[PDB]
Amino acid sequence: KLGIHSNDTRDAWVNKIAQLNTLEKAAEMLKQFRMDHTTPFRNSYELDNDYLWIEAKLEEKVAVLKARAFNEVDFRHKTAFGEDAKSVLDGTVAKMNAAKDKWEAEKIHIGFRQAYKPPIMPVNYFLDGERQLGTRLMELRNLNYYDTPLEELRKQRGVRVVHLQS
Amino acid sequence: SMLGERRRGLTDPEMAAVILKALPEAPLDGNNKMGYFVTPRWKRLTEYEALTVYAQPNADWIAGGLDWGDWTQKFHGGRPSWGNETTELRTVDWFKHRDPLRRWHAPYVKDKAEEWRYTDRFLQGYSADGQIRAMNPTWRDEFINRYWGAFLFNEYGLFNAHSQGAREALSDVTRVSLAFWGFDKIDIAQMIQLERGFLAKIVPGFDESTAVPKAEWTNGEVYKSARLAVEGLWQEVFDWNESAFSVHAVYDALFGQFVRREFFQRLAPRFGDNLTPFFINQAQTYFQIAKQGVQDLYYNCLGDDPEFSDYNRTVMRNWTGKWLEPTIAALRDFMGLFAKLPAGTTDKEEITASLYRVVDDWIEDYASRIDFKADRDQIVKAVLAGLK
Amino acid sequence: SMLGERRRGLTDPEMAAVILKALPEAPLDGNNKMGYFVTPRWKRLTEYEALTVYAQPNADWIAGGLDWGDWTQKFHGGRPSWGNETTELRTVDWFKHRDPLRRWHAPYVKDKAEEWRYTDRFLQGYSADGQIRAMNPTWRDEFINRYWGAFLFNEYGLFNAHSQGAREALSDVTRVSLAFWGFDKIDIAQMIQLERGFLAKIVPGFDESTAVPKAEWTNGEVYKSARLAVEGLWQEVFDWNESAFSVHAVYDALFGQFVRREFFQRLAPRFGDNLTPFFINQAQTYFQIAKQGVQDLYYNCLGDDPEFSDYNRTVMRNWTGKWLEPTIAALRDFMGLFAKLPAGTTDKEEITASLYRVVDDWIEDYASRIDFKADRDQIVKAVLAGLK
Amino acid sequence: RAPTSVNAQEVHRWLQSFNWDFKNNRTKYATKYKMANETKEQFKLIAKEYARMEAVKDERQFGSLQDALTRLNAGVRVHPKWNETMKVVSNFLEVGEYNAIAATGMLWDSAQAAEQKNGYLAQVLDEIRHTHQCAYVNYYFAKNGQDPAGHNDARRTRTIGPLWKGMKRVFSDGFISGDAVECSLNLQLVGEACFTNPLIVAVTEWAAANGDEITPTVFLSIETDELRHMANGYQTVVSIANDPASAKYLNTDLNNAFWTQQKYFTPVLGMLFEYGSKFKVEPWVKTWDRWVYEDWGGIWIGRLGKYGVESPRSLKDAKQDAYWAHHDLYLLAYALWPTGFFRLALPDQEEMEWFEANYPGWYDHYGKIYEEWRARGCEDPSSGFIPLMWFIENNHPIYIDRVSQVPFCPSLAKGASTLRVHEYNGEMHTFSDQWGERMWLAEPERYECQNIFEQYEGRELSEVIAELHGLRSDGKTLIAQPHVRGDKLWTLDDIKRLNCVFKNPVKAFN
Amino acid sequence: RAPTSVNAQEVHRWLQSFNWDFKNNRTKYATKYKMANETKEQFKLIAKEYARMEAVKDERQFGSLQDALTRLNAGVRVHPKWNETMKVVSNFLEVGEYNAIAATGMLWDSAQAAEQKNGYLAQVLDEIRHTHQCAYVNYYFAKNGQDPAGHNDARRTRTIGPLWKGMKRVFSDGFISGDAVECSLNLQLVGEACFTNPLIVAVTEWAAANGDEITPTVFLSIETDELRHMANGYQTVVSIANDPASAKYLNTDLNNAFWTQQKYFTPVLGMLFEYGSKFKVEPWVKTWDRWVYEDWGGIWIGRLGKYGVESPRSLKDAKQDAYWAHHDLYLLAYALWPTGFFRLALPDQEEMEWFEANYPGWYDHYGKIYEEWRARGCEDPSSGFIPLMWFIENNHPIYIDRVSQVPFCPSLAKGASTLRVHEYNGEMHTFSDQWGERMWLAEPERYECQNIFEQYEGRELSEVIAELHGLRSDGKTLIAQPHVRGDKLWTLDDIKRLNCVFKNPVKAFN
Ligand SMILES: OCCCCCCBr
Ligand SMILES: OCCCCCCBr
Ligand SMILES: OCCCCCCBr
Ligand SMILES: OCCCCCCBr
Ligand SMILES: OCCCCCCBr
Ligand SMILES: OCCCCCCBr
Ligand SMILES: OCCCCCCBr
Ligand SMILES: OCCCCCCBr
Ligand SMILES: [Ca+2]
Ligand SMILES: [Fe+3]
Ligand SMILES: [Fe+3]
Ligand SMILES: [Fe+3]
Ligand SMILES: [Fe+3]
């Protein structure tokens, strides 16, 4: 079974998700999943074709478990890991405002998403973060956007140039 | 110019014969129903559904999406164009919602246009019929111009609360409903100003400037908590569903209904004012139209979701508790307005009874749908403390 | 078949080529304006005039006629299809009249259609909003069901008074105006029943039957003289201009305007009734609409006729007196209605203020036009002599 | 608190009770019948719903007209002949729609049952709608078409010619002058029930065949309202079926109405279709037999049998006179082309072949005449020849029936050739058939319409044309023309120079 | 006591005062810019009046479509090729209209001035109208056309092919993902201001040329709404012109937006017009140079110089790569015909002559290719041949740009032949130009879109088509076809028998 919308990998993960009966275990699995399979910094591209869908299924389980485990106040203001959402947001924004260059900034924003994306952090705090973190990231990145030659930009990004044609 | 230089394939003999010669004997498929693959909510698929469902290019990783793969271009940082991360609510399919009124753009602007033209006819008839002669002066210059006028900012704020949803809604059917709920709110704010502008034209000395109503809204006491609630609902909520649900299924259903129906619609007639009720009729019709859509989305689709019913109700109960407090504060501060009325206008018993109607309607139409255990007398007693 | 068997000249290659070949290089006359020979009432000829003026095939022997000769077929006895003999009024041209609203069939039904759809939306919102909860039972079950309902027969009778005018009108512009005046009247009557039917649906034991409201009209005391006046304007007048004039410039301008506005429209709000006023708003809008047309015809055209100005003003002044009396009787009997209102509902000081509003408005819009010197105080006094 | 409302039917349920008994509650118009006050109507409508149902139709119609059709230049890409035909079709239909307003107003006054009054009322409004629709057709072709003249002023230019007189008799006076029931028979039982298909629907067919998509757009919309009017006509018979007067007068008023309507319809509509077009849909004889004789005279009327209604006794007579009627009349219309407000065209080769094929013997009579006139230069202003001269030369008098106003030429006609001439109190009268003769003899004062010869007597042709504005905007070129080409148009002078003077043909018997 | 009322402008006069100050009254979206507090809007509208003006347009539009156009069978009498083109034109445009709703909601949120918010709001409502209009076109052609397949399910069948990925980049994600201002430049300053004429208006011209009067009726109505959106775009620049951030970032975002939009627009629109039609209106080369290069790139953009706006620095490259772009792409589109939801045709004789005439050298390159594929039996199901096979044999790999999603075959193209392959953190990336390359290098996390080869790798062609419902109602015949004739249509089995299996072309690199 190798289909686009239905296949063995997806089926396997659905089973793996059904075995998360506790919030802490499920939340940890979701965060680990994001480090392993999301963003260009993912540990591996093995799940490239199904990670988006699998991640969503895992999010569903964490959300349901969080809602049942948390009182009303904590559901609104605490991350799935028990951290004060506001403190995390402010602390991350503080680090972003102290970022010295666009390289440190991208690491900050991307890492924030992999670790706190809902249902880990409440949506209100998370998107307020997207608002602030995204602003600084772009301000640093779009300054003198074309000055660095592609030859040098390839080196900064750290890609391995495999082939060039022109 | 009689015939023209542009030759059209449908009427030009030479071109038309070429076209016809290339045509097949019959259609290359007998299934002439666009959207045939959409699961109909009613007996047969509707034009509303066909023209709307699946317009949004969601991939399958956003519940109900038919596409596949990541978005082509995301935000700096990685945020998806649309994503599950923009709201706490979960569902088996974001495309299940259906506006019970089946409003796509054409029917929507058609009805609003009819209302605009009839409104113009009404005003010309009202002014020519000199009906303004019987309207109590103090009610007109004090309560309509200042207090009803300040309420436009409440509706304007609720309109603006919809901006983020217009961008983040996870489906076409929800985006269209959401946009129309918002557009009707700005319409009402504009109708309140329209009435003030009309009075300025037929009442010597009547100033249509928004300075007075705006100062009342921004610095008065009657609307202080209402404004604090509106500012929060609009700018402190980053979850498009929390916004739409809290606005329509909590704040506007309690505070909005009380102000529009139990205060102004209820007392205007008593002062010879058939003008304000004309516009409030539109606002209430709009409220009832939106209510159907709001109930379908939050109760029929999400609150009763076959997989996330329990979860979604927990979240909505959370939101109701979160916004019920600020809503009660808004009603409590609004109670101060009754002490401004001429003696004998109304009494504590009428006020209370009217609060219970609003609270009871809310329990029936909203709270009970998610098992929120509202205490009607506790809610009312809390509001009444605001009476002077 | 996919193409069908019928070949159309606009798209069929062979047939279209033949048509194109036969066409002239350019239009055979540059005057592409239909009705270009009609004298515009305004800056430029309007669609309304072009499509209406001279549709009636009158010959020159009927003031303004462009045709010649007698009719082709007349009544047994010799009475002409249309003739000067069907009205006392005379003019230099029966086609002078112009509806200030310039209503030809399309605009007329468009507007009424909008009103019909909005009305339905209103009623659905009203019911859904539970606004009936604030309406006074007695007013609802007694004054609206019996007295408002009985008034439907008054509007129905006035509608029927137009039947002969629909047949005898001496021009197209007048015929179209007359038809719309009568059609709006039956609409109002039907809107009276609509409301009663709406009440029957949302009020448990409310009986929509016309049984009660009919006996009140046919046997009641409050509408006894009103009905007597209607029966006369309808079946006793054989002059289509006397009927239209007396109905709209005398009887309905006074009695009707009082019953509708100065009574139900003024008292309904006090009993928590925003429903009835919704329909009165239409009746009044319709009244004001017809008013602009009635004025233009009998005043601007006939009353100010370059050759029959004096003659017509005389005839109209004469009609005003003929019906000003039966109209006074109608109001007097209506006064007896107040004695049934909840003790304290209204005082003789209010009625006098309203009575003068009507009478005064009448003199400013109708009386002073044909110089019918009338005494406001004596009229109000004669009508006021019917109270408790 | 469930959303609730009320519909037309729910209100109409109580409409019948709206009317109340009282002294003079009776029709103001003379009539021999008594319409039952308990009569009902088929459609349960109230004013507001009526408006809505019609507004929707208007939407589609005007939308197609203002948008797509205009973008396709539909007002232009129509055969010249059909452009001319619509000047007559739309304006002549316009007056029928218009007088129908007054007619139904009179019927509304006649009906005593609130429901029957309401049914007639819907038609009152519908006919106003139709009046404006026909007006819009001329308005649109005038604004966007190949020849605005006639389309832009028919309301006054139609008064020049003799064909207009007959139109007023069937669609104006026949609809409103007489017993209300006789008027209903002329308008609804005969006119609407019998002609809706062979006239309105057929027109849309002939129009489409000739490139005209404007008329179909409008006429098809008009057609959707006709069912209500046919129902009104049907209920008119039902409402008087009980009254004893019915058995004594119905079939008579019905026969007179049928003959009246067919007298004009038969020759004129056939003429407009076959001679006012290039492309043909179906031979008029076939259309007439199927709709007038078969469908109406048989099926429709048959269903009214239980109410004492019988097929017009003159039905057979009508079918007999019909065959060559339209052909006979076009000869007269073309011969008198200067009196119209539209341009005429002689049959081309294909057409003549079509006529002969469908009407054996057509060429040997009409065909040869037209070729003779053409070779002589009837289409060319420099020829100095107008076909009316050919009638004088060959002693073929053209009379105007005193009752129907239809022009007829006994000495030339292939169809009916009967002629009855009488003198009464110093006035001569010419009749073309036995039915119309009886009408005049029995009801002399109902038929005193002056004919074109009586009014124009002694007048020079160009004088009549000039006075009645039969000119184009250049103030010199005639609106009417003997051909449909864009060059060599006739002017007032081309006519004046011939010195044709009108004479009252009946005085020849003096 | 005279009749009076209040209009839109009279209420609009006070709309700017509607917003008020509070600590958290600020946009919820990330942005490098500051929209001025007092920005105004050009059109003084309120909800009611906005609705009325659009309602009037709808009447006209739907009136034409439901009445006259349907009566004329306009849904059928269209060239087969154009019927196919509209499946793509209307559905792909539909997604642009749709995402523009979200885009303007995001802009409405960004604006702080009540008037600027209101201006964006009108567009939010207009884009919902356009979404439903584009849907209606597909809805109409499915209901009344010669081939409903694709027209009836594009919303799900568009997902099978690679061209759809590129559309989502410029008309979906490009409109809503990024700095709100960047999104505005993509949508309004570039998209709408630069493409309205060469896309919307041009489409109505090509449509009419190929017998389609349905699209002109709808698209011409859509066009009347655009002025407001161009104004929104213009005012966006004005609102941020006075902020120091503008001089630092505006031209960079504008340049990126321009390259993004043209990258897809240039090859795809030219392809739809020239290869998706029978009758040609104008060579794409000149249409492009006039509207994109001259009118927009010169006149329009020039008027914004006062605000610091400069001509996109990549405008030169766009022009250079433009000439052969659409020709190069159709080769790939046809080669991958089984992945579409529409039927494709090889250029006929008259077309090849037209192509060579307007694009010298066309025949020696593309012309001969098509002739060989024809000879190989690409149109015949029994041939067992798909152009895809020709690319394999001649070793001409097809890559997918990681940023724009536009497919490119550098070894065969007469146009751009650049190819850049990078490896980063275990993943390979392929770029077709220097602008998109910088975009990915600078913003890797914004561009992780899986391409068809990556998703379909190891899958047999017919299996992908079946899973994604690329079949007609008989459940066997493919929606997509290599010819537009009514006979010999390929079935799923005809494809399966070819045993074509997807492979990722980038894997060859070590
Ligand atoms: O070519 C024919 C001349 C046109 C006649 C002028 C009519 Br206004
Ligand atoms: O309806 C208007 C009166 C004439 C109708 C004739 C049937 Br085509
Ligand atoms: O029978 C009446 C004939 C009238 C036809 C008028 C042109 Br549609
Ligand atoms: O199109 C030719 C016009 C028809 C003329 C005969 C008169 Br009813
Ligand atoms: O029947 C004789 C034809 C009458 C001649 C016309 C003179 Br204007
Ligand atoms: O009608 C031909 C279809 C156009 C094909 C290319 C897909 Br963008
Ligand atoms: O207006 C909707 C957004 C896309 C517009 C493209 C300009 Br043709
Ligand atoms: O640049 C816009 C590309 C449009 C592709 C098909 C739409 Br009309
Ligand atoms: Ca306070
Ligand atoms: Fe009619
Ligand atoms: Fe009719
Ligand atoms: Fe758009
Ligand atoms: Fe746009």
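In what follows, every heavy atom counts, from backbone to side chain, and hydrogens, waters and symmetry copies are set aside. Each chain gets a letter, A, B and so on, in the order its sequence line appears, and its residues count up from 1.
At a 4.5 Å heavy-atom cutoff, C:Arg266 makes no contact with chain B through either its backbone or its side chain. For C:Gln131, the part lying near chain B is the side chain, with the backbone staying farther off; criterion is any non-hydrogen pair under 4.5 Å. For C:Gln257, the part sitting under 4.5 Å from any heavy atom of chain B is the side chain, from C-beta outward, and nothing else. The parts of B:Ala128 that come within reach of chain C are both its backbone and its side chain, each placing non-hydrogen atoms under 4.5 angstrom from that chain. Heavy-atom distances place no part of C:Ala134 under 4.5 Å from chain B, backbone and side chain included.
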Side chain to side chain contact (heavy atoms under 4.5 Å, CB included), that's the test. Do B:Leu3 and C:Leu20 meet it? Break it down for me. CA-CA 9 Å; B:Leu3 216 55; C:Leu20 293 174; 4.0 Å; yes

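Salt bridge annotation for B:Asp361-C:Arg133: present, with a cationic side-chain nitrogen under 4.0 angstrom from a carboxylate oxygen.
Close approach to chain C, defined as a heavy atom under 4.5 Å from one of its heavy atoms, is seen in B:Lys110, B:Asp111, B:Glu114, B:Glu115, B:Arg117, B:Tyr118 of residues 109-120 of chain B, taken by number.
Counting only heavy atoms from C-beta outward, the side chains of B:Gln288 and C:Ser127 never approach each other to under 4.5 Å. Under the 4.5 Å side-chain criterion, counting only non-hydrogen atoms from C-beta, C:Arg270 is not in contact with B:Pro269. Looking at heavy atoms from C-beta onward, B:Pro24 lies in side-chain contact with C:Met2 at the 4.5 angstrom threshold.
Separating the CG atom in C:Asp12 from the OG1 atom in B:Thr11 is a distance of 12.0 Å, to the nearest 0.5 Å. The CD1 atom of B:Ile289 sits 8.5 Å away from atom CD of C:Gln124, with the distance rounded to the nearest 0.5 Å. Taking CG of C:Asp129 as the start and OG1 of B:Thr285 as the end, the distance is 8.0 Å to the nearest 0.5 Å. Atom CG of C:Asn274 sits about 7.0 Å away from atom CG of B:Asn274, to the nearest 0.5 Å.
By the ring pair (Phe, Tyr, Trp, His ring centres under 6.0 Å) test, C:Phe198 is found to be paired with C:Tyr126, residues two or more places apart in sequence or in another chain being considered. For B:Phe143, the ring pair (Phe, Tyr, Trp, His ring centres under 6.0 Å) partners two or more places apart in sequence, or in a different chain, are B:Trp139, B:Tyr147. Shown here are the ring pair (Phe, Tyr, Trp, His ring centres under 6.0 Å) partners of B:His105, two or more places apart in sequence or in another chain: there are none.
For the set B:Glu14, B:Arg261, B:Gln284, the count of heavy-atom pairs under 4.5 angstrom toward chain C peaks at B:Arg261.
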